[PDB]
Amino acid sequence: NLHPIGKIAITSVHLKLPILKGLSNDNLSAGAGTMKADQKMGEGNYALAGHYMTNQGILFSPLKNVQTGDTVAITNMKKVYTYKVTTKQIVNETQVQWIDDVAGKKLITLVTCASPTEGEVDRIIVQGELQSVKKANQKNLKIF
């Protein structure tokens, strides 16, 4: 009853989660929440945040194991957008610049806490560049 607007797959770390609109605590506990009101898949910098771990278990923690070169796919069930990871950082929560649109680039930015410890101030950032956009068919949707 959070009404997902998509799904995210990172095959390299066996992550498959719903994409939800906004960073409600429920959204962050269930999957990847859109960090900006006006972002679109395959445009500017598409920013997604998820909790490191929930009561249930691991959620966006796998981001710590993502490597430069790994593929990240998102879909809205119209098109499938595949990104290639270009960097992974541990950064301070103050570094808001990481989610900003970057002129002439099509980026995805994935954010989670650097650990599950209470009052964690650092964030794992995985960022990638758009490699392909497809029609959401049988072939392209298999990974979700």
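Note that residue numbering begins at 1 and tracks the sequence as displayed.
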query: Segment of higher mean CA temperature factor, 16-24 or 123-131; finding: 123-131
query: Entry-level comparison of average CA B-factors, 91-99 and 57-65, reporting the higher stretch; finding: 91-99
query: Per the PDB entry, maximal CA B factor within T34, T109, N76, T86; finding: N76
query: Third of the chain's Cα B-factor distribution that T117 belongs to, per the entry; finding: highest
query: For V80, the third of its chain into which the C-alpha B factor falls; finding: highest
query: Record-listed C-alpha B factor of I8: chain third; finding: lowest
